[PDB]
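The data below hold one chain only, encoded as structure tokens and taken in the form deposited in one PDB entry.
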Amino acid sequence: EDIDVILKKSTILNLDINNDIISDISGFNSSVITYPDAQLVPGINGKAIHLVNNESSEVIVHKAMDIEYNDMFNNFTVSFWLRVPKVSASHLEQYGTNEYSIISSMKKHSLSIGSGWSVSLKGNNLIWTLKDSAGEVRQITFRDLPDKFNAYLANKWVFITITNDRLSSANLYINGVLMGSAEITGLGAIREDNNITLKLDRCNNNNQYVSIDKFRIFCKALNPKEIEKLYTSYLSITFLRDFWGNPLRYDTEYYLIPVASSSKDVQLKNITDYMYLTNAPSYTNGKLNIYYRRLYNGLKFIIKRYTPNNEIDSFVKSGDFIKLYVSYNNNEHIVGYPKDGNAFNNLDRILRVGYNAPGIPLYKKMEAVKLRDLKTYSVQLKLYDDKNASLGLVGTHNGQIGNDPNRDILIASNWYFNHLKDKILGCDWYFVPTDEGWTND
């Protein structure tokens, strides 16, 4: 049949946030109970659930009568976006073996045996657990990547999907890709609690927290294709996103990192002058098998709205016109290109920060857009002159300026418009805001 129709018809539970209220929009009307300390924060598409480590921070879904998907060997899929802060070297050492659940249908410490299923975390491992009425259990243990810059449990919003085929295996997907599997054949009937609990259970780290979004459940095992579509259907483009996957915002400091070479930071030659790439330093921990380029080094940029267009939205929308500034010494300096400004072969125009030569027009009208790579939280910036003609997308060009050493200098070029289909490009940028979910060790 039709994939979109299948995804829709197979849904028996779909949590959505509207008017700051959490509820089931699947159509089955399951009751949703939000506790006092269950917080709401920016999400992949609207707001998301944020859970802290105390008993007041939880969300309970009491299943409607008709919603029975874990019947006698009935296939089912659970999906939701997830965001877990990067685990510090210390905490990894201190709480590494502490496995705690965050989502579960298992009623614990009571009359029934270990009920249905659970999603738990243990160090840098994501775990899916299935337990039947007899107490038999099956598990999928996913070990995150060593390089936290590209890891799935390192402060970025990632899409999780776990499919369960009672005649074969349980499969764990992340951003639409298979990351783990486990045969579940031989398992008997699952008799879970009529309650689906979103809460940190048995977590020894008082500072631990997580964010969960679009929690959904299907009454069938979605296939790769259906999962791919589900995943991408959430990638709306109304708003642009920062490095963590949250809505891009105005009047906010962001470090820029070129997607094409995530190893570089941005530096400024001098006020009124040009910008260029630098080698960011890395953190490495052999015994913990964890490493990553450090963040928060290099220039700090701020996005300001070009003009107020009836309504002031704190979020930057794709297509919004803006003015880019860099914060240097408690002062904000406009980024742009002055008329007749030095440029590589008259095509790659070298950007200037705080250029102020009297009598010389300085072009600064930029447009923040999302022109490619919808799965990555990157952004493109387009520069225009006073005649609203395109001076090109922002990127870099290797060369020299006077006696300075060879560098990858920040430029604006229209040349990128003829390669918008490449895997990697050069005009793609990550906007990185300081975040408590990531601190360099």
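Residue numbers here begin at 1 and follow the sequence given. The term rigid core refers to the maximal set of C-alpha atoms that superpose within 1.5 Å between the two forms.
Another form exists, deposited in another entry; not displayed. Remarks below refer to it.
**Q** If I align on the rigid core, exactly one of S112, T97, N206, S262 should have its C-alpha move by 2 Å or more between the shown form and the other one; which residue is that?
**A** Spelled out, the residue whose C-alpha shifts by 2 Å or more is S112.
**Q** Can we say the CA of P308 moves by at least 2 Å between the shown form and the other one when the core is superposed?
**A** The answer is yes, as the C-alpha of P308 shifts between the shown form and the other one by 2 Å or more after core alignment.
**Q** Is the C-alpha displacement of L178 equal to or greater than 2 Å between the shown form and the other one once the rigid core has been superposed?
**A** No: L178 shifts by under 2 Å between the shown form and the other one.
**Q** Checking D71 here: with the core superposed, does its CA move 2 Å or more between the shown form and the other one?
**A** It does shift by 2 Å or more.
**Q** Since the Cα-Cα distance for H109 and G116 shifts by 3 angstroms or more in that other deposited form, is it a contraction (closer) or an expansion (farther)?
**A** So the answer is closer.
**Q** Compare the CA separation of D71 and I212 in that other deposited form with the one in the displayed structure, and answer closer or farther (the difference is at least 3 Å).
**A** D71 and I212 sit closer together in that other deposited form.
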